[PDB]
Amino acid sequence: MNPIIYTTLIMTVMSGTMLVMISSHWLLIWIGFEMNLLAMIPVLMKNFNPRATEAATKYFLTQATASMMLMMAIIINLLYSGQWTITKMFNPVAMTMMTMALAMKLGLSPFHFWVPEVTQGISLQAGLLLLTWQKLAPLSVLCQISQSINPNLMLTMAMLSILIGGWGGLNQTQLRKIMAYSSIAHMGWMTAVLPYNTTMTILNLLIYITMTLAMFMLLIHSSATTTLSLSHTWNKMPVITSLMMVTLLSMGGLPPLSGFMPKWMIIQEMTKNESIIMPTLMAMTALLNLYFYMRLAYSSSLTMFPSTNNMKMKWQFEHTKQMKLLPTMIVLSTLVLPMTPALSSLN
Amino acid sequence: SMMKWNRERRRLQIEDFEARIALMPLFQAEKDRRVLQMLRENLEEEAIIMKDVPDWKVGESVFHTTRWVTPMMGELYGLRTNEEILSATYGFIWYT
Amino acid sequence: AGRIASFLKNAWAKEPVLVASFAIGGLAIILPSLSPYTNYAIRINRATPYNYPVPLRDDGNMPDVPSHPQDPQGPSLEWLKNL
Amino acid sequence: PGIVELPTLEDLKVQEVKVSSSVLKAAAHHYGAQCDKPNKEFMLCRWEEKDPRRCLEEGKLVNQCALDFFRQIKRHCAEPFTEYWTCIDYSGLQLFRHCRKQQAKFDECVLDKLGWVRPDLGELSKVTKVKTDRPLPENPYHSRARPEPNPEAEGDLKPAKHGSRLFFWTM
Amino acid sequence: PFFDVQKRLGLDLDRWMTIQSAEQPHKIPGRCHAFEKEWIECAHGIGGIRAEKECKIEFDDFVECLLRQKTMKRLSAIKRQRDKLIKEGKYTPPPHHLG
Amino acid sequence: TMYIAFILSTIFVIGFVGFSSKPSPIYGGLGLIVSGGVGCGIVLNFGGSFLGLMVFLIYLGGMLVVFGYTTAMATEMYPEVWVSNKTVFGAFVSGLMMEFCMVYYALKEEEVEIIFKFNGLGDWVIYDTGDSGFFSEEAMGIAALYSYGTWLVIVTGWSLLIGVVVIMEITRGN
Amino acid sequence: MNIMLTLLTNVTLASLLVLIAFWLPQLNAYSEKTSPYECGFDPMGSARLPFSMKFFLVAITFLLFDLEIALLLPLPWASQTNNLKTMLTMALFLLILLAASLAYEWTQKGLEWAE
Amino acid sequence: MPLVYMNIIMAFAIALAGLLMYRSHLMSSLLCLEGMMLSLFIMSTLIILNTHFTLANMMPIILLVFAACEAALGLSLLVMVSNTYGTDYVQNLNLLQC
Ligand SMILES: CCCCCCCCCCCCCCCCCC(=O)OC[C@H](COP(=O)(O)OCCN)OC(=O)CCCCCCCCCCCCCCCCC
Numbered sequence: 001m002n003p004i005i006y007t008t009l010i011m012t013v014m015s016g017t018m019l020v021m022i023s024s025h026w027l028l029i030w031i032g033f034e035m036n037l038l039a040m041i042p043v044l045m046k047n048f049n050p051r052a053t054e055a056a057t058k059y060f061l062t063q064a065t066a067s068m069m070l071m072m073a074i075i076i077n078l079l080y081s082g083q084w085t086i087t088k089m090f091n092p093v094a095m096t097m098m099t100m101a102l103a104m105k106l107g108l109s110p111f112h113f114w115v116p117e118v119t120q121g122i123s124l125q126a127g128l129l130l131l132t133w134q135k136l137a138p139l140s141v142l143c144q145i146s147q148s149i150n151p152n153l154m155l156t157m158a159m160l161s162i163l164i165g166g167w168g169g170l171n172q173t174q175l176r177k178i179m180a181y182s183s184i185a186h187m188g189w190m191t192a193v194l195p196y197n198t199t200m201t202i203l204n205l206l207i208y209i210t211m212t213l214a215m216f217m218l219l220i221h222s223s224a225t226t227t228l229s230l231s232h233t234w235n236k237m238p239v240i241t242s243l244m245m246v247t248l249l250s251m252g253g254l255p256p257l258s259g260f261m262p263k264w265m266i267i268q269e270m271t272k273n274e275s276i277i278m279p280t281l282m283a284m285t286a287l288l289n290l291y292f293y294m295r296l297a298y299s300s301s302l303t304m305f306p307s308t309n310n311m312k313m314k315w316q317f318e319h320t321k322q323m324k325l326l327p328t329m330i331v332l333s334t335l336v337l338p339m340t341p342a343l344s345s346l347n
Numbered sequence: 049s050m051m052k053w054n055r056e057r058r059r060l061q062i063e064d065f066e067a068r069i070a071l072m073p074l075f076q077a078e079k080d081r082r083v084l085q086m087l088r089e090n091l092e093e094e095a096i097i098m099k100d101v102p103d104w105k106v107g108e109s110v111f112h113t114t115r116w117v118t119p120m121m122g123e124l125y126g127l128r129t130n131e132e133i134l135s136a137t138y139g140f141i142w143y144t
Numbered sequence: 002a003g004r005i006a007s008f009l010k011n012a013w014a015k016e017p018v019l020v021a022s023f024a025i026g027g028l029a030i031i032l033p034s035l036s037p038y039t040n041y042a043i044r045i046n047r048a049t050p051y052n053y054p055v056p057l058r059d060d061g062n063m064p065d066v067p068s069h070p071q072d073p074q075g076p077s078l079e080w081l082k083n084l
Numbered sequence: 078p079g080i081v082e083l084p085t086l087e088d089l090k091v092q093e094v095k096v097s098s099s100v101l102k103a104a105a106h107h108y109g110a111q112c113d114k115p116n117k118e119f120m121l122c123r124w125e126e127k128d129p130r131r132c133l134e135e136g137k138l139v140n141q142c143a144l145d146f147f148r149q150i151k152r153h154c155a156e157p158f159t160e161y162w163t164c165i166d167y168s169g170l171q172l173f174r175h176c177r178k179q180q181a182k183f184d185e186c187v188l189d190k191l192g193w194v195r196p197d198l199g200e201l202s203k204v205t206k207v208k209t210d211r212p213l214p215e216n217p218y219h220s221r222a223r224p225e226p227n228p229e230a231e232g233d234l235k236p237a238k239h240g241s242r243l244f245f246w247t248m
Numbered sequence: 002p003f004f005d006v007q008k009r010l011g012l013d014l015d016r017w018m019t020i021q022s023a024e025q026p027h028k029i030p031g032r033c034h035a036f037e038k039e040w041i042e043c044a045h046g047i048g049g050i051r052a053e054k055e056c057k058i059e060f061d062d063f064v065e066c067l068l069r070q071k072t073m074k075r076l077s078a079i080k081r082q083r084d085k086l087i088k089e090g091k092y093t094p095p096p097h098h099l100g
Numbered sequence: 002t003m004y005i006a007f008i009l010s011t012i013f014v015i016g017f018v019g020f021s022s023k024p025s026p027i028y029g030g031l032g033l034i035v036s037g038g039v040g041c042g043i044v045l046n047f048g049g050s051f052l053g054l055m056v057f058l059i060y061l062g063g064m065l066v067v068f069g070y071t072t073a074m075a076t077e078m079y080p081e082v083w084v085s086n087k088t089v090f091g092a093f094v095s096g097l098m099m100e101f102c103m104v105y106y107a108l109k110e111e112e113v114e115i116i117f118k119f120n121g122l123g124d125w126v127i128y129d130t131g132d133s134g135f136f137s138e139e140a141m142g143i144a145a146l147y148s149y150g151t152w153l154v155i156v157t158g159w160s161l162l163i164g165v166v167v168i169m170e171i172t173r174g175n
Numbered sequence: 001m002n003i004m005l006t007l008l009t010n011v012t013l014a015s016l017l018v019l020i021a022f023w024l025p026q027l028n029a030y031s032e033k034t035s036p037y038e039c040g041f042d043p044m045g046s047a048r049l050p051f052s053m054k055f056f057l058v059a060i061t062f063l064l065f066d067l068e069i070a071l072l073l074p075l076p077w078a079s080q081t082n083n084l085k086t087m088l089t090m091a092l093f094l095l096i097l098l099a100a101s102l103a104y105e106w107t108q109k110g111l112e113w114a115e
Numbered sequence: 001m002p003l004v005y006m007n008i009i010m011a012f013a014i015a016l017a018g019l020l021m022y023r024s025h026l027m028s029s030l031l032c033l034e035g036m037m038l039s040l041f042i043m044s045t046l047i048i049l050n051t052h053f054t055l056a057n058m059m060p061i062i063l064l065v066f067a068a069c070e071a072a073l074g075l076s077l078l079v080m081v082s083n084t085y086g087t088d089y090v091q092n093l094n095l096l097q098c
């Protein structure tokens, strides 16, 4: 693509997301989702292989279906209230339609099937954008309409997301599919506390985006998309694999790392609401994510896999480009737990 | 030439609109009496139709507010002939 | 000087359609902002009485509202009659 | 709930102004000139009260003023008025511009026989004022009392007592 | 909005189409203008939680105005009870209701 | 003549059942344009003259037209027919009977509760009683796009330009 | 409704002309008579001949231009506003964006019927 | 609610079911998407005209133009898939299972 055209398409994706987050009118929110999808489709097809084309097609189908359901929910809400302002929904079935549409856009468990395939089918930069920036708009809408969501529907979808992200990621040797299933589990963690405290959702989203940015930038730095290709990285740049190991430990929520903060805060906020069984289930289920994170860490940094003879060529060469803000992303994703009370700034 | 003519066509429209404005109090006064008469005739009829419906109470406003509410077509023509209510609904739309 | 004149020469010699279209579009962009008549068009649109001019109750101290349509008070369309 | 109170049928009876749209349009300018008092008074009532039932007698006076206006037209040159509104009636848009000759001799009647000058362009569209005797409606919307507002915030900000108090943190 | 840029910058980006009692072209009124106005003036500045119970009457009247459900029920009852007495030869609709 | 919007809406739903049972896409498009025509008629009966003519000119003569044009290029060697599958017949028949059952229930009961509460007391009944004056309220509301809807015009025009750029990015095929 | 009667009459008379046109002639048909016409020989079916991205691209660009035209149609009533400077700014804005779409398609190959 | 609204919402439900229940062709699913948009347009138009929400008269125009932009995008995606496989069959879009 033309660098100017790619910059414009990226800016249009972000501007659709911003239109979603700054509008008080449902039509403009729908417009923002539309603009985001329109600009997003070409960045998925940037490399243009049949895998990229299929990933873009599946993404388009799911997002367009969700957008039509969202518009139908808006129209039912208007039919019963005459209201365009994004606020509590005045109709229950419109609320159900909207919740399902937003979950399908996010990729929650009953609508999760697109996330692994699309993430695998696109490049690591496209996947980084897909699993970080594309979560903002639906989650912001959900935080705005949280006072009218059905807690049972939302909590069901979140628990299923955690379970499926844990189980699906257990079987993966592809790094992009592992990232997608980790993303499903983390979206479940975000959406479980959404009925109770949207500040916890924002906190968890920020921590997850930091970890995902760090991990995807480490993968791009490594040029690895399979677990065996990553197993060669120690023999080229062991610093990258050790940083990746501490980041994976953070993703598993191991104290004293930054990834433990969202789980701990969400468990506390849930127990404040007489919710004890669900947090226990969620914390226990996250051990699956931690298991395949630990498998990746074993294959990458904690042990040394066989290398190749052609790796001696790569030793005499440096990186042409350097990932921006990667050291900051790594420090933020691992070391920020002592700063937890600053979460009140998100209030 | 089009400037001259379109400028003249704007004053003619102002004159027509002012003729309508002068006529409007008559039409408003007439429409009020017509609507009120239709509503009251419906009321007098439903006092007869609904005598035997047990818990029915005739004239009972559907709204909490006692403020005047402009009636729909159903309240006005719901007891009249199909031709009349068809006219009152679609006569303007269908007039070509 | 000669560079822009030569470019206009080449465009007029090979793409007269684009020259005419860009000149027409540029004038359509520019001319309204210089016209004394644009304000007149705004005034004509404002003087068109679509709605009923529902009156006011003179609580006293309303010396500029007419009373009657033919009283020397309220806006006048004498300007529009000669334009 | 509650009974919609309605006027009776004889509360709604009036001498109708039974002339057609072309007759009404032909006299409309002189009608606005000569019948402004009760017309504007009734329109004031209708917008002030937002109730057809509150302004019936004002509309009844509107009707009477129109009736007497037309009876004044009838006795001096019913004939030029008849020609003018016939010519207005012919055209399918009831245009004034096709009948200026007939409007001319209708207008130079009412001047000489009745004194009626025809309003100029824009005069009939003016917002005027009416000196009514009817009291100003107090609650035209029949509004309920509005809910009491949540108490405002008073006082000066003091630092959080013992800080965040989040678990083990001391600040 | 999640980020109320409009209220910080004083811009009206989409609030003008947000209700039917907002300013309209040529001052054409919404069908439920008074009902929406009364509900909005009741519910203003007391929060949605309070407004859901303490402005229930205004919102009910508004919803009835929008979708005349109870009005339609009452009209349907009058219609079908009229027929319930045409068959038996009980009720004769009067001349002004037949022509 | 008494009921016109109801026949139009029933035909609308019938066409929806027809093209959503998914025969070969040319017959699906034919059903879609029949549905669009009857829906344009529906909104014409409600006073939406400009909106219905927009349906016609841009949906049926634009978007559809383009759809049928593109189907005429990417199709099957023997472009399929409705009859070729028993699945199409089954889906269309089930949709038609679920239309008939629910319209009969609503007509003879007027208090169905399929997801939403419904009352087939008529369709003229909900119309309000008033004068719109010397203008079409719909046209005045839509012409407000340039005075009231500045933000809407900005975002829609940007999205259309982006759409051109996007289509040219995707279809290049490299 | 007059318009409905007019449409009914037009459609009915067109279909009647079909019926006379397609049933009145005397027929005698054999296999080689109704064979597809190919200038004296038989046509090849081949496999999905109507191809090439250019036919689809002109359709898509017409679709997007038609959408902007849909945005331009309310213009005759838009000139009747008191706020004429805003309306003129927005109408000219929409037309510049139409011109920009045309120019971008033009410069980036686009409208060309290439080799 | 009046029965026209019932039939319009029913049309939306039928289009949604037709889109969710796939068949071989991609164009059939895209036509179901278009039907969903058309039913949304008519529902919005009926609601807006009935309540005389005058400024909301422009909302169906915006919905139509944006949904047609999405339809153009989907058509381009279908054309790319067909150029890959000679058909628009969704069963060829399965190589991301591995
Ligand atoms: C307690 C929690 C944290 C626990 C983890 C702490 C750090 C662990 C680091 C990796 C440990 C496992 C691997 C051990 C084997 C040896 C290291 C290795 O894998 O590679 C060694 C290699 C050395 O590279 P070198 O040869 O020096 O390069 C010279 C230039 N060519 O490369 C390296 O040595 C790279 C080392 C990278 C270190 C990354 C550190 C990231 C941030 C750590 C935060 C720690 C937080 C502690 C608790 C805080 C609580 C608030």
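Chains as they are written, first to last, in the UniProt record's numbering: chain A, 1 to 347; chain B, 49 to 144; chain C, 2 to 84; chain D, 78 to 248; chain E, 2 to 100; chain F, 2 to 175; chain G, 1 to 115; chain H, 1 to 98. All C-beta atoms, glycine included, are put in the ideal place defined by N, C-alpha and C.
Cβ pair residue i, residue j closer than 8 angstroms
| i | j | result |
| --- | --- | --- |
| H:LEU95 | A:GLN120 | no |
| A:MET187 | A:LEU70 | no |
| D:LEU198 | C:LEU81 | yes |
| F:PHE17 | H:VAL4 | no |
| A:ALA73 | A:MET35 | no |
| D:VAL194 | D:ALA110 | yes |
| A:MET245 | A:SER300 | yes |
| D:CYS154 | D:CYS112 | no |
Chain-order list of residues whose beta-carbon lies under 8 angstroms from that of residue i (same chain, five-residue window excluded)
| i | result |
| --- | --- |
| A:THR173 | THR226, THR227 and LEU228 |
Terminal residues of the alpha helix (DSSP H) in which residue i lies
| i | result |
| --- | --- |
| A:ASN204 | 198 to 222 |
| A:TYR80 | 50 to 81 |
| B:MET98 | It is not in any alpha helix (DSSP H) - B:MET98 carries neither H nor E in the DSSP assignment. |
| A:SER307 | Counting along the chain, A:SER307 falls outside any alpha helix (DSSP H), and DSSP gives it neither H nor E. |
Beta-carbon contacts of residue i that lie in its chain and below 6 angstroms, excluding the five residues immediately before and after
| i | result |
| --- | --- |
| F:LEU108 | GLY121 |
| A:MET40 | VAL13 |
* **Contact list for the segment 54 to 88 of chain G against chain C, Cβ threshold 9 angstroms** => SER79, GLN80, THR81, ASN82, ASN83, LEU84, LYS85 and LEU88
* **Chain-ordered residues of the segment 15 to 47 of chain C with a beta carbon less than 8 angstroms from chain G** => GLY26, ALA29, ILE30, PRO33, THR39, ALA42, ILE43, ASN46 and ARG47
* **chain E contacts from the segment 50 to 84 of chain H (Cβ-Cβ distance under 7 angstroms)** => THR51, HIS52, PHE53, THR54, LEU55 and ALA56
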